[PDB]
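Quick notes on the structure that follows.
In what follows, chains carry the letters A, B, and so on, assigned in the order in which the sequence lines appear, proteins first and then strands, with residues in each chain numbered from 1. As the structure lists them, so they are numbered: ligands from 1, and atoms in each ligand from 1.
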2 protein chains.
Amino acid sequence: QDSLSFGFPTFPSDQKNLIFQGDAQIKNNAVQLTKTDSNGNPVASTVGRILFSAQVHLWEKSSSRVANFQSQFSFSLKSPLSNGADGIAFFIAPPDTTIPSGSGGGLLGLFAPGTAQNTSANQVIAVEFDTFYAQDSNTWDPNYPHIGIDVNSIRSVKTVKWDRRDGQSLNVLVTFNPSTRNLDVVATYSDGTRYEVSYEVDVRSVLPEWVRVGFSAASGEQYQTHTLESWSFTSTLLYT
Amino acid sequence: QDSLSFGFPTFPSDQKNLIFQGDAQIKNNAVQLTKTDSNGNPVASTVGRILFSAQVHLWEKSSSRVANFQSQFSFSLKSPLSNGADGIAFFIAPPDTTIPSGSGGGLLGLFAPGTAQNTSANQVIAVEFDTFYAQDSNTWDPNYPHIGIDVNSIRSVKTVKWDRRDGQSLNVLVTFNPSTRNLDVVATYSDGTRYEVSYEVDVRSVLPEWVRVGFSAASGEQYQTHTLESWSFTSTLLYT
Ligand SMILES: OC[C@H]1O[C@H](OC[C@H]2O[C@H](OC[C@H]3O[C@@H](O)[C@@H](O)[C@@H](O)[C@@H]3O)[C@@H](O)[C@@H](O[C@H]3O[C@H](CO)[C@@H](O)[C@H](O)[C@@H]3O)[C@@H]2O)[C@@H](O)[C@@H](O)[C@@H]1O
Ligand SMILES: OC[C@H]1O[C@H](O[C@@H]2[C@H](O)[C@@H](O)O[C@H](CO)[C@H]2O)[C@@H](O)[C@@H](O)[C@@H]1O
Ligand SMILES: [Ca+2]
Ligand SMILES: [Ca+2]
Ligand SMILES: [Mn+2]
Ligand SMILES: [Mn+2]
């Protein structure tokens with residue numbers, strides 16, 4: 001299909017079109033990407049991702065069209081620790097994408113250690129909300145919590161300072177305009193606090209024609225829950 | 001998802017979200033539900049169906065919601081003969097549906113011979129465009145070409161006389177309103193000739209909460225091509 005759209009105002013337990021990878025699962029009408037104990041508290045060493053089952057037609061070589069897409073979603077992070085880790089990310093990757101071996105912790109379940117910073121060995125575009133930046137382990141991160149745009153590497157092509165707020169929902173709107181090739185990110189907390197970051201990228205040189213979209217999260221030594229509360233997505237092929 | 005929609009203005013050969021069953025295949029940017037020879041001519045004894053991969057949430061017992069839906073599509077029938085058979089149908093059925101054994105010809109690839117008219121034995125709602133009605137083999141049919149609404153039986157609960165036009169595209173709009181429970185069908189040819197038929201049906205008592213939608217077509221001893229040219233679908237769960 002040239003156009004596809006779906007909306008999850010909430011996430012009931014009875015799901016049919018989501019691919020669950022790792023420790024991800026539904027709990028209390030929301031997706032808990034990372035593992036939580038019986039009391040619902042976050043635990044260390046956990047990675048989880050979800051993908052919508054239907055494949056998205058991102059671009060089409062034969063007709064030189066590229067999709068205009070928008071992803072709106074909200075999530076919340078919570079942890080009794082002063083340094084909850086590691087973060088959640090919305091991503092786009094080839095349809096057969098699975099959790100790489102050893103992609104836990106700061107790698108957000110998106111990259112393998114050996115090529116995490118090798119832009120030539122990956123095919124992934126992601127928007128990360130990174131809460132852990134210890135300069136000794138996450139050497140690639142700026143020294144503060146941030147929102148980052150990742151293109152084939154855990155070392156963001158761009159970051160903006162972000163404030164982590166325990167237990168508060170962050171609403172995010174990610175859009176891509178094929179005409180300008182601008183990938184825009186707008187995130188807001190309920191009090192009006194706003195964050196914006198943009199980056200020009202030709203998705204055709206990074207991703208295959210058909211892709212799957214979803215979210216990924218992970219916790220290494222430090223932990224926190226990564227709760228996806230809602231998600232709506234839409235994409236349509238346009239001439240360029 | 002509470003809402004889902006997709007649109008196929010045409011059907012390029014590289015499909016990823018379509019389930020092909022029987023002889024259905026893509027040819028010349030359209031879906032040929034029934035088999036054709038080398039020079040594109042229709043052949044006898046052929047059945048084919050397509051279903052969209054993502055499951056549709058038709059209703060939810062938890063929230064007492066029922067989905068409203070709208071399916072828009074166009075098809076054309078072509079046959080060297082003048083008694084083309086057997087017809088094409090838009091249908092909704094359980095996710096694991098497959099072509100029943102012996103459902104060729106007048107059964108349109110939707111029902112088994114032994115239970116074709118047993119309502120309590122089937123789970124399917126379909127909108128058929130039936131072009132063959134010989135009373136010896138299609139005993140359940142009115143004695144003329146017709147559009148019919150089928151609810152768990154090949155013997156339509158409601159039909160309207162229809163005119164078959166070789167090679168001309170028929171535009172169809174099928175809508176289901178959960179508030180009134182009316183399933184409305186509107187079909188028109190490019191010159192404005194219009195056909196309408198509707199029926200009141202409580203989908204909750206006929207189909208499970210999650211379903212799959214698609215098309216089916218078949219040709220017995222008489223034949224014609226069943227070319228699906230375009231298709232768009234949208235459904236949204238609503239409180240009545
Ligand atoms: O989930 C977070 C993080 O977890 C993993 O990283 C492990 C660990 O790496 C560094 O410390 C290594 C080692 O140091 C020893 O002295 C001892 O403490 C041992 O237990 C540690 O494993 C640090 O980056 C560490 O972070 C903590 O210490 C730093 C100071 O060095 C603080 O700034 C920070 O706030 C923490 O208190 C970290 O836990 C990996 O999975 C990694 O990918 C993850 O991002
Ligand atoms: O495709 C039409 C029709 O073919 C088969 O039945 C035949 C027709 O009724 C007609 O050709 O007369 C034949 C002799 O009686 C009869 O076999 C079946 O496949 C039927 O299902 C189909 O509608
Ligand atoms: Ca980090
Ligand atoms: Ca018939
Ligand atoms: Mn980062
Ligand atoms: Mn009929």
Side-chain angles (χ1 to χ4, degrees), chain A residues 77 83-89 103-111 116-117 126 128-148 150 153-156 159 162 164 216-224 226, chain B residues 34 42-47 77 79 82-89 91 102-113 116-117 126-151 153-162 164 197 216-224 226:
Chain A
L77 306 175
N83 46 9
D86 277 278
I88 178 182
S103 58
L107 298 188
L108 307 177
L110 293 174
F111 307 82
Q117 297 189 62
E128 50 162 76
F129 297 78
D130 197 334
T131 62
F132 194 78
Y133 44 99
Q135 296 294 295
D136 64 306
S137 56
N138 295 211
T139 59
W140 56 78
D141 290 321
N143 190 44
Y144 50 67
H146 54 287
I147 292 179
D150 301 351
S153 177
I154 193 60
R155 178 188 294 284
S156 303
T159 67
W162 173 57
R164 176 185 186 293
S216 180
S219 290
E221 299 275 274
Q222 281 54 271
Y223 43 90
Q224 63 191 172
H226 301 84
Chain B
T34 50
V43 304
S45 305
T46 176
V47 180
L77 308 177
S79 178
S82 179
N83 294 164
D86 273 277
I88 178 177
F91 72 111
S103 62
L107 292 180
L108 308 181
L110 295 174
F111 309 80
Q117 301 187 64
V127 177
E128 61 167 54
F129 298 79
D130 200 331
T131 63
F132 195 77
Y133 43 97
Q135 298 297 296
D136 53 299
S137 55
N138 295 224
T139 63
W140 53 76
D141 285 331
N143 200 52
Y144 48 73
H146 54 284
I147 296 176
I149 294 177
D150 299 348
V151 179
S153 174
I154 191 61
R155 180 188 295 276
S156 304
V157 298
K158 193 67 174 299
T159 66
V160 63
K161 182 183 178 299
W162 173 57
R164 176 182 184 296
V197 61
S216 185
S219 286
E221 302 190 8
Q222 305 299 161
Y223 44 91
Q224 61 188 177
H226 300 80

Counting backbone and side chain alike, does A/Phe132 bring an N/O/S atom below 3.0 Å of the Ca ion (ligand 3)?
yes

The protein heavy atom nearest to atom 13 (C) of ligand 2 is B/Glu221 OE1, 3.7 Å

Whether A/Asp86 has an N, O or S atom under 3.0 Å from the Ca ion (ligand 3)
no

Closest protein heavy atom to atom 1 (O) of ligand 2, given as residue, atom name and distance to 0.1 Å
B/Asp86 OD2, 2.8 Å

Polar proximity ligand 2 side, B/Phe132 side, N/O cut 3.5 Å exclusive
no

Checking side-chain polar atoms at under 3.5 Å, does B/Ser219 have a donor or acceptor matched by the opposite partner on B/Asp86?
no

With atoms numbered from 1 as shown, which atoms in ligand 2 lie under 4.0 angstrom from a non-hydrogen atom of B/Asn138?
23 (O)

Can you check which of B/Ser45, B/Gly220, B/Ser137, B/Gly106 brings a heavy atom nearest to atom 21 (O) of ligand 2?
B/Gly106

Yes or no, since that's all I need: does a protein heavy atom fall within a distance strictly under 4.0 Å of atom 18 (C) of ligand 2?
no

A/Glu128 backbone or side-chain N/O/S under 3.0 Å from the Ca ion (ligand 3)
no

Hey, is the Mn ion (ligand 6) within less than 2.8 Å of some N/O/S atom on B/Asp150?
no

The closest protein heavy-atom partner of atom 14 (C) of ligand 2 is B/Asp136 OD2, 4.1 Å

